[PDB]
Structures are given as structure tokens and as C-alpha cells.
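Take a look at the structure below.
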Amino acid sequence: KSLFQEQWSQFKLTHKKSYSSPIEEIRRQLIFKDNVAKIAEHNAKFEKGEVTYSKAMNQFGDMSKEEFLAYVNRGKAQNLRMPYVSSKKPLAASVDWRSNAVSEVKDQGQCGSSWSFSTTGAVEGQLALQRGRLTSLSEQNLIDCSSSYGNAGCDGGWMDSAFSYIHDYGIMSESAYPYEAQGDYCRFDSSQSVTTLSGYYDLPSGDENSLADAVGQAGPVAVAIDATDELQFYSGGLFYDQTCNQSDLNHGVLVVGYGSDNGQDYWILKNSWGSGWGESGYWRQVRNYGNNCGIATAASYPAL
């Protein structure tokens, strides 16, 4: 049994892979092989200190860069907005909401619904931090119910649009309204609404300091980034993406902290690709590095 065969076997087992057909499995095996090489190539660079972050196999191992890009692009989005007022306080050196203001890392699966996870995480952060009780919230509720707000379920949506939905209706717990990774019928039941929202704050576009201010002073902030294939196998370390821009946003996530690691400013972001991706589902990305991948381009957080 070759190393590769064992890697492939571990990949399929670990990631619960049962392909639609033998040919599909064979084609995926080859993609996986290619990905293993790309990861190894990247990690060679990492060990040489030519990159600050490592890559590792994850459940996207069997996806090509094109499929991965289609995946992150699939969820591109197609009153209640309150203006952010910057606290005007010194930026806390470092903030990390992971111990107390974040739900479990979730997995949007094969559904372009990152917007809904970004939404629930931001609301969850506010429930934790404003109400003193974190309840993991239902993305499905948002997916099934907020289409008239401009959201398109597994084909994209917008955190602010979801926040407005929550304002007009509410949001049930993840538990009460579990994630299906597919569009389904709205089964929102207001008696089970964990919370509504009074509105939300859009943070000044591209302003990483305002984002940091909000992260420290309000809590986890919903952001949309330009996810590129660089993220596909991000494993650990300070991520930076030389391939993304700040404007072509396609992926809603959650900034759950920031700090500085040996002089290098970073954001801590929560993804929705499961805990097998990145640093247990989170990643650190360069902060104050030209708003890398548009982290602070479309940042918002809700007011309960």
C-alpha cells in the first residue's frame, strides 16, 4: 500500500466520502493526488520560511481549484443599517472571542450559504456578549426564510439582508432548526425565535482599525472576504493571500478576534468549513496588510 493510497484511504474515511460512482471516485482520487502535491509544494515553502502559514489536507482534498473557487463563488450575494461610531478608544492589543462568544465551528457543506453562517455567528456573538448567553443559531432558518430579503439560500446571500430578516422575524436555534446544507421550506416558528435584531452596523469599508475596534468593543463581526483557492488547504499559521483582492467578496465569515504575533498583526476568523479546516475551523489572517482579501470591506455586526 503506497503512502498515497493510504492518504487517499484516510481522506475518504475521515471525510465520509462515498462517491456517486466508481468513475467519480477515480476522478476525485486524481484531484486528491494533485492536491496532496500542491499542499506538499506549499508546505515545502513553509518549512523554508518562504510562507508564514502551512497547508494540510481537509475535506476539500478531492476538489480542484476550479471547484473550490466555484464553491466559494457559489455564495456571492445578488432602514436597519445604523452608522458605526468608532468607540474612539485605544485598540485592545488583542481580542479573541473563541472561548466565550462563538458557537461551535460549523460546516456549510456543499451549499453556498456562508452568508448565513456569518450571520448566525455575528448574532451568536451578540447573544453571548450582550445577553450573556450564547445560543448557536440556525443558518437553515435564514436559508429557508430570508429569500425575500435578497438571500438565495445555497446560492448566496448577504449578512445584512439576513440581519433584516431576523429583525422582521427572528432566528431559531441551530438545535431547533438544524442545518441541511440545502434550501428547504421556511419552518420558522416565532415562538421558538431565540432573538430578533433591532438593526446592524456597517463598518467603514476597508477600514481595518474600525473593524478591530468593533471586534473588541462589540464582538464578532460578520465580514465577507474574497476567498481564493489559497484558503482551500490553509491549515495553520498566519494566512495571507497574495491572490485575493478586497472587492470581489464571495465568502461570508466572522472575525472573532485579532492580535499581533511577533510584530505581525492578525485577524482571527471563524470559517464555516468545519473544524477539520484550518486551525480547528478558524484561521488567522494578516491584519493591516492592505485589508487582505477584503476582510474589512463589508464588515457588519447586528444590534440585538
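Residues in the C-alpha cells are numbered from 1 in each chain, the chains being A, B, ... in the order shown, and ligands are numbered from 1 in the order shown.
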Near region 64-74 of chain A, 12 Å: region 253-273 of chain A residue rows, closest pairs, only C-alpha atoms, as a tab-separated table:
```
residue	atom	partner	partner_atom	distance
A:253	CA	A:72	CA	11.3
A:271	CA	A:72	CA	11.6
A:272	CA	A:72	CA	11.0
A:273	CA	A:72	CA	10.5
```
Written file, previous selection with N, CA, C and O atoms, as a JSON list (two decimals), in the first residue's frame:
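The resulting file, selection_0.json, is reproduced below:
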```json
[["chain", "number", "residue", "atom", "x", "y", "z"],
["A", 253, "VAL", "N", -17.79, 35.33, 6.47],
["A", 253, "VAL", "CA", -17.22, 34.69, 7.64],
["A", 253, "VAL", "C", -17.37, 35.62, 8.82],
["A", 253, "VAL", "O", -18.17, 36.54, 8.80],
["A", 271, "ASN", "N", -14.34, 30.26, 10.14],
["A", 271, "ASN", "CA", -14.88, 29.85, 8.86],
["A", 271, "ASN", "C", -16.08, 28.94, 9.10],
["A", 271, "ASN", "O", -16.40, 28.64, 10.25],
["A", 272, "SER", "N", -16.72, 28.52, 8.02],
["A", 272, "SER", "CA", -17.83, 27.57, 8.11],
["A", 272, "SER", "C", -17.54, 26.37, 7.22],
["A", 272, "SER", "O", -18.42, 25.92, 6.48],
["A", 273, "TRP", "N", -16.31, 25.87, 7.30],
["A", 273, "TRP", "CA", -15.89, 24.69, 6.54],
["A", 273, "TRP", "C", -15.53, 23.56, 7.47],
["A", 273, "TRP", "O", -14.78, 22.67, 7.10]]
```
Which polymer residues have any atom within 9 Å of an atom of residue 299 (chain A), counting only C-alpha atoms, with same-chain residues fewer than 3 positions away left out, as number ranges by chain?
A: 201-206, 211, 221-224, 254-255, 295-296
Which neighbours of residue 60 (chain A) fall inside 10 Å, counting only C-alpha atoms, when residues of the same chain fewer than 2 positions from it are skipped, and could you give them as a PyMOL selection string?
chain A and resi 11+15+31-32+35+57-58+62-65+67-68+232-233+273+276-277
I'd like to know which of A:144, A:155, A:213, A:168 is closest to residue 188 (chain A), using only C-alpha atoms.
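The shortest atom-to-atom distance to residue 188 (chain A) comes from A:144.
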Residues near residue 274 (chain A), cut-off 10 Å, only C-alpha atoms, skip fewer than 2 positions along chain, as a PyMOL selection string
chain A and resi 58-59+104-109+270-272+276-278+280-282
Deliver the residues from the most recent selection as a file, using N, CA, C and O atoms, as a CSV table (one decimal), in the first residue's frame.
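Writing the result to selection-v6.csv gives the following:
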```csv
chain,number,residue,atom,x,y,z
A,58,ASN,N,-7.8,18.4,3.9
A,58,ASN,CA,-9.0,18.6,4.7
A,58,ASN,C,-10.1,18.0,3.7
A,58,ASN,O,-9.8,17.4,2.7
A,59,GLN,N,-11.3,18.3,4.1
A,59,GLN,CA,-12.4,17.6,3.3
A,59,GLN,C,-12.5,18.2,1.9
A,59,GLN,O,-13.2,17.5,1.0
A,104,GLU,N,-19.9,26.6,18.1
A,104,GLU,CA,-19.0,25.6,17.5
A,104,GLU,C,-18.7,26.0,16.1
A,104,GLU,O,-19.5,26.7,15.5
A,105,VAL,N,-17.6,25.5,15.5
A,105,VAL,CA,-17.4,25.7,14.1
A,105,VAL,C,-18.3,24.8,13.4
A,105,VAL,O,-18.6,23.6,13.7
A,106,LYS,N,-19.0,25.4,12.4
A,106,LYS,CA,-19.9,24.7,11.6
A,106,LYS,C,-19.4,24.4,10.3
A,106,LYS,O,-18.3,24.8,9.9
A,107,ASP,N,-20.2,23.8,9.4
A,107,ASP,CA,-19.8,23.5,8.1
A,107,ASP,C,-20.9,23.7,7.2
A,107,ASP,O,-22.0,23.0,7.3
A,108,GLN,N,-20.8,24.7,6.3
A,108,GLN,CA,-21.9,25.0,5.3
A,108,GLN,C,-22.1,23.9,4.3
A,108,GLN,O,-23.1,23.8,3.6
A,109,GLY,N,-21.1,23.0,4.3
A,109,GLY,CA,-21.2,21.8,3.3
A,109,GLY,C,-21.2,22.3,1.9
A,109,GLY,O,-20.6,23.4,1.6
A,270,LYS,N,-13.5,33.0,11.9
A,270,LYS,CA,-14.1,31.8,12.0
A,270,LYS,C,-14.7,31.4,10.6
A,270,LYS,O,-15.4,32.2,10.1
A,271,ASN,N,-14.3,30.3,10.1
A,271,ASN,CA,-14.9,29.8,8.9
A,271,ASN,C,-16.1,28.9,9.1
A,271,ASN,O,-16.4,28.6,10.2
A,272,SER,N,-16.7,28.5,8.0
A,272,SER,CA,-17.8,27.6,8.1
A,272,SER,C,-17.5,26.4,7.2
A,272,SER,O,-18.4,25.9,6.5
A,276,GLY,N,-12.3,20.6,10.7
A,276,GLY,CA,-11.2,20.0,10.0
A,276,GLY,C,-10.4,20.9,9.1
A,276,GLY,O,-9.4,20.5,8.5
A,277,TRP,N,-10.9,22.1,8.9
A,277,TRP,CA,-10.3,23.1,8.1
A,277,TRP,C,-9.6,24.1,9.0
A,277,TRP,O,-10.1,24.5,10.0
A,278,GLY,N,-8.4,24.4,8.6
A,278,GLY,CA,-7.6,25.5,9.3
A,278,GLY,C,-7.3,25.1,10.7
A,278,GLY,O,-7.0,23.9,11.0
A,280,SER,N,-8.7,24.4,13.6
A,280,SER,CA,-9.9,23.9,14.2
A,280,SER,C,-11.1,24.7,13.6
A,280,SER,O,-12.1,24.9,14.4
A,281,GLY,N,-11.0,25.1,12.4
A,281,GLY,CA,-12.1,25.8,11.7
A,281,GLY,C,-12.0,27.3,11.6
A,281,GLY,O,-12.8,27.9,10.9
A,282,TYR,N,-11.0,27.8,12.3
A,282,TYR,CA,-10.7,29.2,12.3
A,282,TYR,C,-9.5,29.4,11.5
A,282,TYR,O,-8.8,28.5,11.1
```
Residue among A:162, A:128, A:82, A:142 lying closest to residue 97 (chain A), counting only C-alpha atoms
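Residue with the minimum atom-to-atom distance to residue 97 (chain A): A:128.
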Separation of CA of residue 186 (chain A) and CA of residue 149 (chain A), in Å?
13.3 Å
Any idea what's packed within 9 Å of residue 130 (chain A), counting only C-alpha atoms, ignoring anything in its chain fewer than 3 positions away? Could you give it as an MDAnalysis selection string?
chainID A and resid 125:127 133 218 304
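Taking CA of residue 103 (chain A) as the reference point, CA of residue 214 (chain A) is found at 18.7 Å.
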Residue contacts of residue 235 (chain A) (6 Å, only C-alpha atoms) excluding same-chain residues fewer than 5 positions away, as a list in words
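Within the cut-off, the hits are residues 54, 55, 56 and 278 of chain A.
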Identify which of the residues A:228, A:175, A:18, A:182 lies closest to residue 112 (chain A), counting only C-alpha atoms when measuring atom-to-atom distances.
A:182
Write out as a compact mmCIF listing (two decimals) with N, CA, C and O atoms, in the first residue's frame which residues come within 8 Å of residue 154 (chain A) when counting only C-alpha atoms, dropping same-chain ones fewer than 4 positions away.
```
# COMPACT_ATOMS: atom_id res chain seq x y z
N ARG A 74 -20.02 30.36 -5.19
CA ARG A 74 -21.41 29.99 -5.31
C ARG A 74 -22.29 30.85 -4.41
O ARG A 74 -23.45 31.11 -4.73
N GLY A 75 -21.73 31.29 -3.29
CA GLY A 75 -22.48 32.08 -2.31
C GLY A 75 -22.34 33.59 -2.40
O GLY A 75 -22.69 34.29 -1.46
N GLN A 110 -21.89 21.57 1.06
CA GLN A 110 -21.97 21.86 -0.38
C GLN A 110 -23.18 22.72 -0.62
O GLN A 110 -24.18 22.29 -1.21
N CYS A 111 -23.07 23.96 -0.17
CA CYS A 111 -24.16 24.90 -0.15
C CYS A 111 -23.44 26.22 -0.01
O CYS A 111 -22.54 26.35 0.82
N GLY A 112 -23.76 27.17 -0.88
CA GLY A 112 -23.12 28.47 -0.87
C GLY A 112 -23.83 29.34 0.14
O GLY A 112 -24.44 30.35 -0.22
N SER A 113 -23.76 28.95 1.40
CA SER A 113 -24.55 29.57 2.43
C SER A 113 -23.69 30.25 3.49
O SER A 113 -24.16 30.51 4.59
N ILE A 143 -31.66 30.46 5.60
CA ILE A 143 -31.64 29.91 4.26
C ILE A 143 -33.06 29.73 3.74
O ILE A 143 -33.38 30.17 2.63
N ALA A 181 -27.82 22.10 4.71
CA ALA A 181 -26.94 22.43 3.57
C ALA A 181 -27.69 22.35 2.25
O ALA A 181 -27.14 21.95 1.22
N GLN A 182 -28.95 22.74 2.28
CA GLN A 182 -29.76 22.80 1.08
C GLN A 182 -30.91 23.74 1.39
O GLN A 182 -31.29 23.91 2.56
N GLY A 183 -31.43 24.40 0.35
CA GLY A 183 -32.63 25.20 0.51
C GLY A 183 -33.80 24.31 0.86
O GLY A 183 -33.96 23.20 0.32
```
Which one is closest to residue 207 (chain A): A:102, A:298, A:77, A:293? Count only C-alpha atoms.
A:298
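Going from CA of residue 275 (chain A) over to CA of residue 26 (chain A), you cover 26.3 Å.
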Among region 203-291 of chain A, which residues does DSSP mark as strand (DSSP E or B) when it is run on the backbone? Keep the chain and numbering as in the structure and answer as a ChimeraX atom specification.
/A:221-225,234-239,251-261,264-270,273,279,282-286
Export of the given selection (N, CA and C atoms) as a compact mmCIF listing (two decimals), in the first residue's frame:
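Once written, selection33.txt looks like this:
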```txt
# COMPACT_ATOMS: atom_id res chain seq x y z
N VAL A 221 -17.54 40.06 14.33
CA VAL A 221 -18.11 40.87 13.26
C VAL A 221 -18.20 40.03 12.00
N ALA A 222 -19.39 40.04 11.39
CA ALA A 222 -19.63 39.43 10.09
C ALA A 222 -18.87 40.21 9.05
N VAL A 223 -18.12 39.50 8.24
CA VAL A 223 -17.37 40.10 7.17
C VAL A 223 -17.52 39.21 5.96
N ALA A 224 -17.16 39.75 4.81
CA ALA A 224 -17.16 39.00 3.60
C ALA A 224 -15.79 39.19 3.01
N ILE A 225 -15.20 38.08 2.59
CA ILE A 225 -13.86 38.14 2.07
C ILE A 225 -13.87 37.65 0.65
N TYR A 234 -5.51 25.88 3.63
CA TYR A 234 -4.97 26.54 4.80
C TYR A 234 -5.10 25.62 6.01
N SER A 235 -4.01 25.48 6.75
CA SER A 235 -4.01 24.61 7.90
C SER A 235 -3.70 25.40 9.15
N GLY A 236 -2.64 26.19 9.11
CA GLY A 236 -2.21 26.84 10.33
C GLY A 236 -1.27 27.97 10.04
N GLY A 237 -1.15 28.87 11.00
CA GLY A 237 -0.22 29.96 10.87
C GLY A 237 -0.92 31.20 10.37
N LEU A 238 -0.12 32.22 10.14
CA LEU A 238 -0.63 33.49 9.74
C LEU A 238 -0.90 33.43 8.24
N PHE A 239 -2.17 33.37 7.88
CA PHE A 239 -2.53 33.33 6.47
C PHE A 239 -2.41 34.71 5.87
N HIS A 251 -17.38 35.22 0.15
CA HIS A 251 -17.44 34.30 1.26
C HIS A 251 -17.63 35.04 2.58
N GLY A 252 -18.77 34.80 3.22
CA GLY A 252 -19.10 35.44 4.47
C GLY A 252 -18.51 34.64 5.61
N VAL A 253 -17.79 35.33 6.47
CA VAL A 253 -17.22 34.69 7.64
C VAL A 253 -17.37 35.62 8.82
N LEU A 254 -16.60 35.36 9.85
CA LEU A 254 -16.80 36.03 11.10
C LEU A 254 -15.44 36.31 11.68
N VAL A 255 -15.20 37.58 11.98
CA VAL A 255 -13.98 37.95 12.65
C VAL A 255 -14.24 37.82 14.14
N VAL A 256 -13.47 36.96 14.78
CA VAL A 256 -13.72 36.64 16.17
C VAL A 256 -12.55 37.11 17.01
N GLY A 257 -11.62 37.80 16.39
CA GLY A 257 -10.56 38.38 17.17
C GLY A 257 -9.48 38.97 16.31
N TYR A 258 -8.41 39.36 16.98
CA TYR A 258 -7.25 39.92 16.33
C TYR A 258 -6.19 40.05 17.39
N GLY A 259 -4.98 40.25 16.93
CA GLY A 259 -3.87 40.47 17.81
C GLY A 259 -2.68 40.76 16.95
N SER A 260 -1.52 40.53 17.54
CA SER A 260 -0.27 40.69 16.85
C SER A 260 0.62 39.53 17.27
N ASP A 261 1.17 38.84 16.28
CA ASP A 261 2.04 37.70 16.53
C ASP A 261 3.44 38.10 16.08
N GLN A 264 3.58 40.90 13.79
CA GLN A 264 2.63 40.76 12.70
C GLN A 264 1.20 40.76 13.20
N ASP A 265 0.49 41.81 12.83
CA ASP A 265 -0.93 41.94 13.12
C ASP A 265 -1.74 40.85 12.42
N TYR A 266 -2.71 40.30 13.12
CA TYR A 266 -3.56 39.29 12.50
C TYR A 266 -4.99 39.50 12.91
N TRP A 267 -5.87 38.93 12.10
CA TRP A 267 -7.26 38.76 12.41
C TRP A 267 -7.42 37.30 12.75
N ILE A 268 -8.37 37.01 13.63
CA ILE A 268 -8.81 35.64 13.80
C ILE A 268 -10.20 35.55 13.20
N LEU A 269 -10.36 34.61 12.29
CA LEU A 269 -11.62 34.48 11.61
C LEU A 269 -12.15 33.09 11.80
N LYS A 270 -13.46 33.01 11.93
CA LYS A 270 -14.13 31.75 12.01
C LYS A 270 -14.66 31.44 10.65
N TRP A 273 -16.31 25.87 7.30
CA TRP A 273 -15.89 24.69 6.54
C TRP A 273 -15.53 23.56 7.47
N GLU A 279 -7.28 26.13 11.57
CA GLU A 279 -6.99 25.94 12.98
C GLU A 279 -8.30 25.65 13.66
N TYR A 282 -10.98 27.79 12.32
CA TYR A 282 -10.69 29.20 12.32
C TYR A 282 -9.45 29.42 11.51
N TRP A 283 -9.14 30.68 11.25
CA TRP A 283 -7.82 30.96 10.76
C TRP A 283 -7.40 32.32 11.22
N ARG A 284 -6.10 32.53 11.18
CA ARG A 284 -5.54 33.83 11.39
C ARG A 284 -5.09 34.32 10.04
N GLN A 285 -5.43 35.57 9.76
CA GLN A 285 -5.04 36.18 8.52
C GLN A 285 -4.40 37.51 8.84
N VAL A 286 -3.39 37.89 8.06
CA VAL A 286 -2.73 39.18 8.25
C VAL A 286 -3.74 40.30 8.40
```
Between A:191, A:138, A:99, A:114, which has the minimum distance to residue 158 (chain A) (counting only C-alpha atoms)?
A:114
